[PDB]
Structures are given as structure tokens and as C-alpha cells.
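# A structural walkthrough
So the chains spell out like this:
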Amino acid sequence: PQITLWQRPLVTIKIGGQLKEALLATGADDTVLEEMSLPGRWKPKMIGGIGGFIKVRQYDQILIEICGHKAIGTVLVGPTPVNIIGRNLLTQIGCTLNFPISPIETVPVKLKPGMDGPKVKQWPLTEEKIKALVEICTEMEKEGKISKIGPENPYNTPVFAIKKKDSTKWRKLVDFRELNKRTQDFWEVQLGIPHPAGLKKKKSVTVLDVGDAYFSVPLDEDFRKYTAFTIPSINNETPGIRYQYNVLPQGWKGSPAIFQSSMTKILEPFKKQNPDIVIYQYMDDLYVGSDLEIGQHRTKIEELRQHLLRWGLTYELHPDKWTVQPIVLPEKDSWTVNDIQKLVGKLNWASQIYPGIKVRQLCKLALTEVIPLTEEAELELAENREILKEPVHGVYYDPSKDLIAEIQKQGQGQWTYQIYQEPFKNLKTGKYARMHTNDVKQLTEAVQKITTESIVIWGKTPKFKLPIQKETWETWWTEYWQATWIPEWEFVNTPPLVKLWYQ
Amino acid sequence: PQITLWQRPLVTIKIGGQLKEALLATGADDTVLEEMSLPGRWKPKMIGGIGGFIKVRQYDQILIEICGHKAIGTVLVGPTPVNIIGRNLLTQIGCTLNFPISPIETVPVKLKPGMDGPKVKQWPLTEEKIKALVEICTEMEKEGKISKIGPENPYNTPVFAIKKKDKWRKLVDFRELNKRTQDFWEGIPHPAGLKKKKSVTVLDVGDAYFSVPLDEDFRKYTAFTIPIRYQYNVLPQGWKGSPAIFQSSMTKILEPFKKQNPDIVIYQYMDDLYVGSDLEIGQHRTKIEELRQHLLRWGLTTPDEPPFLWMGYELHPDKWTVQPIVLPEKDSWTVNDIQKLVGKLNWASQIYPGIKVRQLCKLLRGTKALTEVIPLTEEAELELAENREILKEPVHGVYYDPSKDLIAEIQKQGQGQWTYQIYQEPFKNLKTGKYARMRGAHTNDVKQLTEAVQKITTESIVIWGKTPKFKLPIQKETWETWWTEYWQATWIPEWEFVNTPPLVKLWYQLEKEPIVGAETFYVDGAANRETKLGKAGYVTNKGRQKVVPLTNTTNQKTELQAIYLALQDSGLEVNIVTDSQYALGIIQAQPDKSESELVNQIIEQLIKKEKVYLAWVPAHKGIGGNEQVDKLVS
């Protein structure tokens, strides 16, 4: 039973066939009882208390029933005011000291009403990945970070160990996409207002991982059950070690929500002394921006790292150089009938983006020969070309709806993407290029770069419409992903004309 | 944290800068310290200990950090032998005394929310069998297994008597009980994934479910009446919740023995304990004797050879096989046994593919009675029989040696039939399988090869964990062309071609440049709804055309038909301009099999052509072509 310490923990003990009450003592070495007859020979001994030393008779291997549990141990008979159960008999039972926290009590964590914890089965993993994951997870449990569970917890979220940088050390990720979606209500209680709009203008934004901060702020107990994962074993030989997170997770939506007030305390000196720095955070990462020369930007990066580690926490990204790629139209010296047909087929699609497009002259109509363009078609077409080569119009951000990221392949080591909130009206358009290599790596790098830009510019990961079979992605997406977050993706099985349209 | 009392439970204590350690004393009502730095004023106090009494200096509102937990409380300073953390500061923290555990541990189990069952009136039995029920019950109780609850428990579940052969074995129907149990975590170990071990034995646990205790607090939900209410205290012999807790208990009890013996490898699925080691048999029997004694320690009972029967796989000195799996046969089968035979077929599905019992499962699931002789369908029964006839095939294989790489190989039999031969040495199959089309509507052979590789890789990572080196048949030039030109993203791990008389290739290509002199042919299509009154044709550079009335006129069908009409009357080098994105998309995927003989006719036609080039136009626009039959429908 669990005994509160408001009162003395005396328990019924049976000695030499007798019912009596002995006080369980945690600071008592041996066991001292009242004067009574004990079987076998005894040895004269003395014990020190808070008043001096008393003469006691030592009886070894003596039978005692503590709280109805049999114990055989040395028993000391002496002139003691309180019958006492010492650690010597307490160990035989296995009496233990159990500890709770007084100063810090995790803030409650809640779910959207009528929403159960995530139940998403884990996809298979490679042998080296599981071999390293076991090491990482067991080391974590050795430091008290996670505790193993049985079968009473039906929830589960997938896991995969990755390598973020060139450093030869794996780190695990938990796909909390379902848990973040379920616990979306707990974000509404705490909004980060305002999101920094100055990061969009910085000359250099450095991403510093601050995941380790959450390891010191424990979770509200009733929600611990929801964070469970299984590290499966090859060939399903051993069933699979299922743990629960005791400290806060990394990818959980509330993981920074709990730590927001705690951290901003630590950042107060920094924002106090150099306002031109904009420091903004996401699920695991710290973005620090400074529209300075890179020489001292890198200088304050080091000082920020030292400041963070001093209080116990722990390619380059350039928003200015980021540019919006327009759409261009061919202007061959002598086009042929095929070229006008293709150009019209492309252009009539463009009206869904730039409304001020008129082609009625162009469609005015061999295809082995050139057809010189008519003058009124010339002028109208040029006017349209000017219109197309101008910033997009009548578009802005509605923060009430999520964001959609659509990637389309150009098939020569190049990629193009469109970032939109509603169809035919796109926020950001750009290309990704890297010059014969692997193919899945290209989308994964492209997805990561899209999401980094999206985090900087509108501060949330959009929903992807990937150009790959779901079966293909589910196998080799984790091979080449270096990022703590995970974006929501849906799979596309229709080739449109947009791929030919854009580039 | 939990602290054992084997040595004194000292914890770190910090007094305003001062580091030091104090002894957590449950008996020491007050916290007593040898010294405090610069404490200043203190009221005199008298405290008693074992031997006499002592004057002490009392300090109030002291903020002290004990073992990482803050406490603000009175701290005494006196001539104590050791620093003493009293119950006064212990209650500021949460420290409590846990006392001796009993025998074993019980995994906590709870019901699904918002449920207060179960309750089903047991259809009263008769005395001849009731005698058997009583006889079982008395001995079961004296074994400390099932206890006669108090009549205050209000629930009941049925019990039947079964001969256990095809004599009145006990069974309790937990069909309604399973509907309220909380969910629990529930693959299969393939024979292909057993490493060679020169000494092998398989031990069966002597009904070990009768050794792992069930929740004493959950026992209220598994009563047992004989029409004398009883109650299970260990795992039910048929509860679907039992396997999980049984496996968990087996793991927890095996962990120490495994720990003290890293060399041995121990598996356990249902009742078998596959123990293997490379030690000599003379040594291995002694080590297995150690294993059995340790198993008995925790209350488990162990009952009481070139073949070995492990999980239905027959282990052999250098090979493995599956004991032929067959079913009982009768005109009508016992319903509960049918609930067993579905499980046996389910298990055989992993060993041997081509097993579907979904209809048989539905016929059972809808039915919930035993009094009426349950009718069985002839169609699903014949499906079962034909499935069994295929199930007459002895599998084989050999043990995996990780020192040698896997080498797979796929071969194209025909029209959507493939092979999955896997091996590490020639002519020693590790596992053999077959693959067929999944969509069944539109596909191509190269895409099928890629999908087959994907399936093989998934299965291989499941079984052994390392992806293999495929030996595909396709030519490398063809694979590179298709992967560089196809719109989607596909990868194949390291592989080499292997030359076989059948091979995979892309039959045809669609040209990327319109062809000089080729009779460019314009096509168009439309359809109606009230009477399917839409017609098709083509319009040509010279103006030849034909509109032939069509039945079951459908818009996508018409768009397809427009191309074929022209392709039939076209020579070698052709250009086709179509106003359908859909027809263009279907054609240009370079498919080879489709449910449409119209699509297949186009494929066979286009095979003959030498230079075919397709382009697209916007609809409902005048582009100087189809205007000749723009008036087709309106």
C-alpha cells in the first residue's frame, strides 16, 4: 500500500506469535522492538539514537509479519519507546521511498472534444536504423526521459531515426502529425502574436536547433499515455518495445507552447540589448535574423549560442536573395504553325492567373513552313507579354485557411513549385535545381526547402501534393530527410499541363 | 525515484549555497542538521533519540533543496550523528513508503469507456454434462484458479462442453465480453528468417495461461454459472485479450535468463519456446535444463529428434518446410470449429498465398446462434475447396546466413504474372512468390516491374531487414529511358540485368517532333446524355473523314474513339491532334494492357506505325482545323 507521511507509518507486525504495531522507520538501520521473549541465542550490542546509546539483545533470522508480509531478519530487543521496523527488514519486504514534485506541476493538456489519441501503425525500418534507435531510446530511459509501457495503451505514433547534419550520430523523430492535429485546440489557448514579419526582410536567418530545451519541463500526467511509440524488431521476433514520453516531446504542437513563457524569459536580455535581431521559434528550431553584414551576423550567432548554453539550453538561408520567378514566352525569329498552336495552348491557361489576357488576334489561324505573324497580333501579343512579366495581382494572405504546396517535376534535374492557398492564385513560385543523381533525394530536398521558406515567410508548414506514388514515398522518404518537423502530404496521380506551362 | 534500502538513503541537500548530504529518515519526525552556515538566531528545543535526549537549535522557514525537490520548513541544528531529513520536510516533498510486493505482477486492464456489461443468460444445460462441469470446477478451484464469487456479482456467460476431438472440455463464450475490453497492441516469424544453430530444441509451456495471473479487480466480468457462480483468476483459455498479456509476462520473465546468456536465442509465439544455440548438445541440454528450472521458478510449468515442429514449421538439419495443413471435412461443420478453421486458414495465408475467406467470415459474423444447423453456401464452400487444392503444395527453404548477401530475381511469365525467387546461393530458394496486377485497368510492364521491386523490398525489409540486390530482366537502356522520361519519381536499388528468353521492353514511343510530310490528322469528339447521341470521326489535311454511328456513346469513350478511327486509316508516319486531355493522357502513358479492347486495338494498331506524334489543342476554340466538323453535335 502507499502510506502518506502526514502521520507516523506504524503497521501491524506479528512477533513470536504476537500481534503488535511497529513504526516503519526509513532512517533506522537495524530493527529494534520492545522487550519480549525471542528464540535462539542473542548477542549484546549498542545502538546510537538522537539521545545517546542503548543496550540491545541481537536475535538473528527471527520471524516477523509486517503488514501481513513474512520477513526473516536480525531483530534487536532494547529499551526503545517505539517498536521500529528498520531498513534491514524493510528491504526484505522491499519498502521504498517514492518521490513527487512540489514547485513545478505541468500545465494541463487537453484534446478536442470527441477526439481519441492517435492510433497509427509504424512502417518497417532498416536494420541499422533499428540497431541505433535501440541505443538511443535505452539511453533515454536510463536518464529518466521515457518509461516503458504494456499493452493497455492502444495509441501509437511512428518513429524513425535520422541524421540531421554530417555529424555521425543518429537522432529519432516521432511523426506527431496525428497528435498535433488532434491537440490543435491546445494551441488556441496560446497564440504567438504577432508573428515576426521582419524575418521576411532579413539579410541572413540562421536556424539553431533548441529541441533539448524541452527535456527539463515534464508533461501533465494524464496526457503522457498519448505519446507512445514502438521500435519494431526485424521479422517480428520480439514483439516490440513500446515506451511512453515522460518529458515533453519534440514534434508535439504543445511542446513549444509549454516552453514559450519559460524561454522568452531567457531571451529577455537579448531582445533588450540588440533590437534589430528578430528571434522566432518553431517546433524545434530558433530562427535568428540580422540585416547586417554577414561578418558580424555570424559574430552574434556565436554569442547567442553562448548565451543559450550559458543558461542550460542548447548552404545559408537568405530571404533577401529569395525571388519570385515569372513566366516567359518564346520569341523565335521564325516560328512555325506548331509553335503558335503550342503557344496558344499555353497562353489560354494563363488567363486563369493573369486575367488581362486576350489572344483573339493570335488564334487567327503549312506546319512544315513558317507563318509570319500578323502585325495586330504582334502588338497584342507584345502587350500580353508585358502583362505576364509583372508582379502577380489581386492576391494576399487569408490566415483563416491552411496553405497548399504543389510540386511539379521538370525532368532534367530541375523542379518547379507553386505555393497557393486557393487554386489559380499563388503566393510564391520558384524552382529547385541541382545538377544523373538520385530522384527521391531531389523531392525530399525540395520539400525541405519549400517548408523552410514557408516557415520563414508565413510561419507554418503547408500541405503538399507530391508527385510520387505513396508506396514509393513511404519507403525512401526517411532515408534523406534532415529536419525535425514533418509536413502533411497528399499524393497526386494526374499529370496536368502545368508542368509544361511553367518552365 | 524508487530507492532500495540496501544502503543508507542519503540525498543531496543545499542550504543557501552550501552543498551537503542528509539521511532521509521516516522516523525522524523533524529534520536535524550538524551545522548551518551563518544561520544567526535560533530558539532552543529539546528532542529525544535512542539513548537519551539532546538540546537543538530550531531554524524556521529554511528553504532547502532535498534530492532535487524544494522544501521550505523548520530545520533543527543539533549534535546528530548523521544529517537527518525529518518527516516534516519529507511531507513537503512527496516521499512515501512502498512496502513488500507479493508474488508476481499483474498488468492493469480496464474496460472500454461507457460500458457496464457483460450479461447474457446462459441457455440452461442438462445434468449429464453438468456433472462434467462440476468435476472440472472442483479441481480447477482446488488448484487456486477459479473462485466461487459472492452472489452480489450480477453477470454471467455461457459454458459449453466439447469432446476436444473430431471429452466435455470446458469452454466459455466470451463473444460479448470481447466487445468491451480496452484495445491492446496486437507480423509472423517466417521460416526464412532463422539463422543456423547447430543445437536446437523447442519447449512447449504447459498451458502457461493458467500460470500468469489475471487482474483480480477485473475478475468481476468473467463469471461462470452451472445451471454455483465461479470466477476466473488467471487468463481465460479463449479470451482474445489473453495472448497479449501472456506474451508480455513471458517477456518479463525471460529477460533475466536471456541477459545472463547472450549467446542463446529464444523465440516464443503461442506456446513454443524456440531455444537455439551453437553449443554442443551435451552442453546444450544442460543449459536448457537451467532454462527449465528458471522457468519453473516463476510458477510456470514445463511438461515432462531430427524433426522439430515450431509454429507449424518443421525445422530440419539444413532445410525447412511446412507441415501440410489440412482441415476437417463434413457436410455441415460445427460452428465454433468453423470459428477455428477461419483462424487456421488465416494463418496459412501468411505461409501460402491465395487464401480468401471473407465471405465465410461474413456468414459467421452475421450468425450468432448454435441451435439451428447453420447453412453454408455452395459458392464459398467450393472456393474453400479449390483454395485447399492449391494449398496442397510443399514449401521449402533454407536458413538465412547474414554473412552472404541476398540476391533476388523476377521473371515475366505473361500478361500480369511474375515470380519472386529469393536466394543467397544458386538453386537454394530462400523464399518464392508471385505477383500480379493490382489496378487491373491501365498499366505497363515496366511500371509493373517497378511495383514488383517495391513489394519485394518491403517484404525483404520485413523479413531480414536488409534490402536485396535484384536481378531484373529489363535492359538498362530501356530502364534509363523510362525513368528519365516518365513524369513521376521511381527508384530501384542496386541491380543487374539477367538474360532470359522473355524480357520487358516499352513496345512503342510517341514522337517528340511533328514529322515532315506526315498526313497530320485532326480528331474531335462529343457525346450527349438523353439518348447517347454523340458521333465521332476525324478531319484530315486532305479532308478524308468518316463518321460512323456509335453505340453506348460516352464522352471519354468518344474522345478515345476519335483517335482510333483515324489510326485505322493511317499509314506509317502520322500526326494526330486531339482536343482531349484525357485521351492524350491515357495513350501517352505508354500502356500495354487495359480492360478496353478499344484501347487494346489502338495499342495493336500503333505497334504497326513507325512514327506517331500526338499533340493537344484547347476545346471550343477555332484553331483552323476541326472547323470542318465543328458543327458535329450542336
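Residues numbered from 1 in each chain as written, not as in the entry; some residues may be left out. Chains lettered and ligands numbered in written order. Heavy atoms only, no water.

This part is about the domain arrangement of chain B. Residue and element names in this part refer to chain B. Per the domain assignment, the segments of chain B are domain 1 (106–186 + 210–242), domain 2 (187–209 + 243–324), domain 3 (325–399) and domain 4 (400–509). With seven residues of domain 2 in contact, the opposing surface of domain 4 contributes six residues. When the two sides are added together, the surface that domain 2 and domain 4 hide from each other amounts to roughly 480 Å², 59% of it contributed by carbon and sulfur. A per-residue breakdown of the area domain 2 buries against domain 4 is headed by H190, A192 and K195, which together make up 67% of the total. Scanning the region where domain 2 abuts domain 4 turns up zero salt bridges. For the pair domain 2 and domain 4, the interface holds two residue pairs in polar contact. (Domains from an automatic or database assignment. Contact = heavy atoms within 4.5 Å. Buried area = accessible area lost by both parts, 1.4 Å probe. Salt bridge = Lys/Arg side-chain N within 4 Å of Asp/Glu carboxyl O. Polar contact = N/O pair within 3.5 Å; in protein donor to acceptor, adjacent residues only side chain to side chain.)

Attention now moves to the pattern of salt bridges. One pass over the structure, following the stated rule, counts 22 salt bridges over all chains. Between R177 of chain A and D175 of chain A there is a salt bridge; the shortest N-O distance is 2.7 Å. On the basis of relative accessibility, which here comes to 5%, the residue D175 of chain A falls in the buried class. A salt bridge links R388 of chain B to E329 of chain B; the shortest N-O distance between them is 2.6 Å. Of this pair, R388 of chain B sits in helix α7 (residues 378–391) while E329 of chain B sits in the loop between β18 (320–322) and α5 (335–351), placing them 59 residues apart in sequence. Judged by relative accessible area, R388 of chain B falls into the partly exposed class, the value being 26%. (Buried < 20%, exposed > 50% of the residue type's maximum accessible area, 1.4 Å probe, protein only. Helix = DSSP H or I, 4+ residues; strand = E, 2+ residues; numbered from the N terminus.)

If you look at the interface, chain A gives 84 residues, while chain B gives 83 residues. In total, about 7900 Å² of surface goes out of reach between chain A and chain B, with carbon and sulfur atoms giving 61% of it. Contact with chain B buries area across many residues of chain A, yet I50, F99 and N235 of chain A alone supply 10% of it, more than any other trio. There are three salt bridges connecting chain A and chain B. Notably, a salt bridge pairs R8 of chain A with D29 of chain B, separated by 2.7 Å at the nearest N-O pair. At the surface where chain A touches chain B, the tally comes to 23 residue pairs in polar contact. Of all elements in the fold, only β2 (18–24), β4 (43–48), β5 (53–66), α1 (87–93), β8 (96–98), α8 (337–350) and α11 (470–476) of chain A reach the threshold of two or more residues within the side of chain A that touches chain B. When grouped by side-chain class, the residues that make up the side of chain A that touches chain B number 39 nonpolar, 33 polar and twelve charged. As paired strands, β8 of chain A and strand β8 (residues 96–98) of chain B are joined by three bridges and run antiparallel to one another. Following the sheet pairing, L97 of chain A is matched in β8 of chain B by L97 of chain B. (Nonpolar A, V, L, I, M, F, W, Y, C, P; charged D, E, K, R; others polar. Pairing = 2+ DSSP bridges.)

Residues and elements named next belong to chain A. Here five strands make up an open sheet; going across it, the order is β19-β18-β17-β20-β21 and the pairing mixed. Each having just a single partner strand, β19 (425–433) and β21 (489–491) make up the two edges of the open sheet. For this sheet, the mean inter-axis angle between neighbouring strands, taken without regard to orientation, is 20°. On top of the sheet, helix α10 (residues 440–458) reaches β17 (404–409), β18 (414–422), β19 and β20 (463–466); it is set at about 135° to β19, its chief contact. (Axes fitted to C-alpha atoms, helices over the stretch in contact; angles between N-to-C directions.)

Our focus in this paragraph is the domain arrangement of chain A. All names here are of chain A. Split into domains, chain A comes out as domain 1 (106–189 + 215–255), domain 2 (190–214 + 256–326), domain 3 (327–396) and domain 4 (397–503). Centre-to-centre, using C-alpha coordinates, domain 1 lies 27 Å away from domain 2. Every contact between the two is made by 19 residues of domain 1 and, on the other side, 13 residues of domain 2. When the two sides are added together, the surface that domain 1 and domain 2 hide from each other amounts to roughly 1400 Å², 54% of it contributed by carbon and sulfur. Among the residues domain 1 hides against domain 2, the three largest losses belong to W187, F215 and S255. Together they make up 32% of the total. On inspection of domain 1 and its partner domain 2, the count reaches one salt bridge. One salt bridge connects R171 with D284, and the closest N-O pair in it is separated by 4.0 Å. For the interface between domain 1 and domain 2, the tally reads nine residue pairs in polar contact. Among the elements that line the side of domain 1 that touches domain 2, the one with the most residues is helix α4 (residues 185–188), at three residues. Classifying every residue of the side of domain 1 that touches domain 2 gives ten nonpolar, six polar and three charged.

The next thing to look at is a negative patch on the surface. Residue and element names in this part refer to chain B. Side chains of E379, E383, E386 and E389 sit close together on the surface and give a patch of like negative charge. In this fold, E386 is placed in helix α7. Residue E386 is classed as exposed on the basis of its relative accessible area of 53%. (Patch = residues over 30% accessible without salt bridge, like charges linked within 9 Å, V, L, I, M, F, W, Y side chains within 5 Å. Areas by Shrake-Rupley, 256 points an atom, 1.4 Å probe, with all protein chains shown as cover. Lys, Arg positive; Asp, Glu negative; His and termini not counted. Charge placed at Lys NZ, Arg CZ, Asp CG, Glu CD.)

Okay, the packing of aromatic side chains next. Applying the stated criterion across every chain, the model contains 39 aromatic pairs over all chains. Taking 4.6 Å as the distance between ring centres and 20° as the angle between the ring planes, the aromatic pair formed by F223 of chain A and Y226 of chain A counts as stacked. By the burial criterion, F223 of chain A is buried, and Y226 of chain A matches it. Taking the centre distance of 5.4 Å and the plane angle of 85° together, the rings of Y267 of chain B and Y274 of chain B count as edge-to-face. Judged by relative accessible area, which is 9%, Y267 of chain B ranks as buried. (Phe/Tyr/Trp six-rings, centres within 6.5 Å; stacked < 30°, edge-to-face > 60°.)

Turning our attention to the sheet that holds strand β16 (residues 285–289) of chain A. All names here are of chain A. Pairing within the open sheet is antiparallel, and its three strands lie in the order β12-β16-β15. Edge strands, defined here as strands with exactly one partner in the open sheet, are β12 (205–209) and β15 (278–281). Ignoring which end each strand starts from, the neighbouring axes of this sheet average 20° apart. Sheet topology places β15 next to β16; four bridges connect them, and they run antiparallel. The residue of β16 that forms the bridge with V278 is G289. Helix α7 (residues 294–310) contacts β12 and β16 of the sheet and is inclined by roughly 20° relative to β12.

Moving on, we come to the environment of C361 of chain B. In this structure, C361 of chain B sits in helix α6 (residues 358–366). The spatial distance from the C-alpha of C361 of chain B to the C-alpha of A518 of chain B is 61 Å, given a sequence separation of 157 residues.

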